[PDB]
Student: 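Mind looking over this structure? Questions follow.
In what follows, every chain begins at residue 1, and chains take the letters A, B, ... in the order their sequences are listed.
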Amino acid sequence: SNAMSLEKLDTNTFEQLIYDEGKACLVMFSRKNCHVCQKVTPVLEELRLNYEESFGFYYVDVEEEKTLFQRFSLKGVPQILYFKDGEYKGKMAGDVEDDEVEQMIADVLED
Amino acid sequence: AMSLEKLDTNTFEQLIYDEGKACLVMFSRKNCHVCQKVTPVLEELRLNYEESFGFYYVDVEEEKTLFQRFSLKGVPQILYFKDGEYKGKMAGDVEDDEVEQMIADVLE
C-alpha cells in the first residue's frame, strides 16, 4: 500500500560499496510486488534509523538486477544478505523479525 | 547539492499543480551513495536548459507524505512533470542521455 526509501543498488554501485569500500551492510534482494517483502521493508527502515552511518541498509530489485541475484545463487525472495569488509557474512530469508536482523548486524559488526 | 532547488510539499504543489511547471524532481535521501552519483549528472545537464525547466529535489525524510503518495520503491527516483501532468519517472542510477531524452519528450 506503500513506499520504500532504502537506497536502491544496481550491480555497479553494489560492487563499489560491498567490494571496493567493504561497507558493513545488509542488502534485501526483493521484488516490487512481493507481499512478504512489503512486511519486511518497514522493519528495515525502522532499523536503519538505529544504525544510521555505522551500517548500510540497501535494496536490490531482482527483476532489474538478475546477474546479482544469480551471483548469489538465490532461489526465492525476499532474502537479506550481510556483508562486511567485502566478505559475504550471512543470509536470512523470508518474513524476518527485527530481533533476528539486529542480532545478525551485531554478529557482523563484531567478527 | 548545487543548483538543485529543494522543494517542500507546499512548493512542490504550487509549482507543479497550481502553475503547471515543466520540471524534473529527484526524490532523494541523505547519505545515499547512488544519490551522490545522480546529483552531478543533473547539475551538469541543468546548464543546458533555461530556468523555465525546473531541476528540483525533495528529501524523502522531510517530505514523507509527498514521497508516500507515489508509492515509490527505493531511492533515488526522478519524476518528470509539465502542465500539471506526471509524465513518468526513472529510478536508481541514471545516465545523462536517459535524462536528456526524457526532458525532450516532456517538452514536445
Side-chain angles (χ1 to χ4, degrees), chain A, chain B residues 27-38 59-62 64 67-68 71-77 91-93:
Chain A
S1 167
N2 216 246
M4 138 170 32
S5 75
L6 299 174
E7 172 169 4
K8 182 186 193 324
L9 301 184
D10 54 17
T11 298
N12 224 95
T13 302
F14 178 100
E15 279 168 15
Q16 277 200 254
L17 285 174
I18 279 71
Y19 303 124
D20 294 350
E21 292 202 344
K23 192 135 307 210
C25 66
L26 60 80
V27 187
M28 183 193 47
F29 286 69
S30 177
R31 219 140 151 273
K32 279 182 172 68
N33 280 357
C34 181
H35 216 50
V36 179
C37 304
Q38 296 159 348
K39 186 150 145 65
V40 167
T41 285
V43 168
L44 300 180
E45 291 180 353
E46 174 74 356
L47 281 180
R48 174 179 63 181
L49 264 23
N50 298 345
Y51 303 90
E52 200 48 71
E53 289 96 344
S54 76
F55 205 82
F57 286 83
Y58 303 115
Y59 162 60
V60 174
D61 175 337
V62 306
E63 295 192 298
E64 280 159 32
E65 301 299 321
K66 232 304 200 64
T67 299
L68 267 192
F69 186 58
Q70 298 172 182
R71 210 213 257 5
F72 294 98
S73 226
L74 301 174
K75 260 78 173 151
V77 117
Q79 298 213 46
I80 307 192
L81 313 220
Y82 296 77
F83 298 92
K84 182 157 172 263
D85 294 331
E87 294 189 316
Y88 182 16
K89 297 267 181 201
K91 174 187 87 191
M92 46 188 67
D95 187 6
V96 288
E97 273 286 80
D98 41 55
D99 216 296
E100 245 220 328
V101 25
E102 283 172 45
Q103 173 71 67
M104 182 73 93
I105 291 163
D107 291 349
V108 163
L109 281 176
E110 235 57 34
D111 43 284
Chain B
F27 274 73
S28 184
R29 189 198 152 68
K30 297 194 266 298
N31 307 85
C32 182
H33 199 58
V34 177
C35 297
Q36 257 264 242
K37 287 163 69 158
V38 170
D59 189 81
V60 304
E61 289 302 300
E62 300 170 26
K64 207 99 187 299
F67 174 64
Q68 269 156 200
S71 49
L72 302 172
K73 320 295 171 182
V75 305
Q77 315 250 349
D93 200 18

Student: So do the side chains of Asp10(A) and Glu65(A) get within less than 4.5 Å of each other, counting heavy atoms only?
Tutor: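 Yes, side chains in contact.
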
Student: Would you check if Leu17(A) and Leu9(A) make a side-chain contact, meaning some heavy-atom pair closer than 4.5 Å?
Tutor: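 Yes - at least one pair of side-chain heavy atoms lies under 4.5 Å apart.
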
Student: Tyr88(A) vs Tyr19(A), test: ring-ring contact (aromatic ring centres under 6.0 Å, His included). Steps then yes/no.
Tutor: CA-CA 10 Å; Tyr88(A) 182 16; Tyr19(A) 303 124; 9.8 Å; no

Student: Do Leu49(A) and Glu46(A) have side-chain heavy atoms sitting under 4.5 Å apart?
Tutor: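 Side chain of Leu49(A) against side chain of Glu46(A), heavy atoms only: contact under 4.5 Å found.
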
Student: Could you please spell out the steps behind the side chain to side chain donor-acceptor pair (under 3.5 Å) verdict for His33(B) and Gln16(A)?
Tutor: CA-CA 10 Å; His33(B) 199 58; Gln16(A) 277 200 254; 2.6 Å; yes

Student: Which pairs of donor and acceptor atoms, one on a side chain in residues 91-111 of chain A, lie under 3.5 Å apart (sequence neighbours left out)?
Tutor:
from, atom 1, to, atom 2, distance (Å)
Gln103(A), NE2, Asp107(A), OD1, 2.7
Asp111(A), OD1, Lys84(A), NZ, 3.2

Student: Can you give the donor-acceptor pairs under 3.5 Å from side chains of residues 20-34 of chain A to other protein atoms, not counting sequence neighbours?
Tutor:
from, atom 1, to, atom 2, distance (Å)
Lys32(A), NZ, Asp61(A), OD2, 2.8
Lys32(A), NZ, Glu64(A), OE2, 3.1

Student: Evaluate the criterion side-chain contact (heavy atoms from CB on, under 4.5 Å) for residue pair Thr11(A) and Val60(A); output intermediate values, then yes/no.
Tutor: CA-CA 9 Å; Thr11(A) 298; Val60(A) 174; over 6 Å; no

Student: Flag the pair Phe83(A) / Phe14(A) as yes when at least one side-chain heavy-atom distance between them is below 4.5 Å, and no otherwise.
Tutor: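 Side-chain contact under 4.5 Å: yes.
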
Student: Quick one: closest heavy-atom pair of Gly74(B) and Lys8(A), and the distance?
Tutor: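 Heavy atoms only, the tightest pair is CA-CB, 4.3 Å.
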
Student: Do you know which two heavy atoms are closest between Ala3(A) and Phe67(B), and how far apart they sit?
Tutor: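 Looking at all heavy atoms of both residues, the shortest contact is CB-CE2, 3.7 Å.
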
Student: To the closest 0.5 Å, what do you measure between CG (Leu44(A)) and CG (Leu47(A))?
Tutor: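 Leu44(A) atom CG to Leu47(A) atom CG measures 6.5 Å (nearest 0.5 Å).
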
Student: Any pair with a residue in residues 70-79 of chain A that passes side chain to side chain donor-acceptor pair (under 3.5 Å), sequence neighbours left out, goes on the list, sorted by first then second residue, please.
Tutor: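 Qualifying pairs: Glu15(A)-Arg71(A), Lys66(A)-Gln70(A).
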
Student: Does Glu45(A) CD have over 12 foreign heavy atoms under 6.0 Å away?
Tutor: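 Yes, because the 6.0 Å sphere around CD of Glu45(A) holds more than 12 heavy atoms from other groups.
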
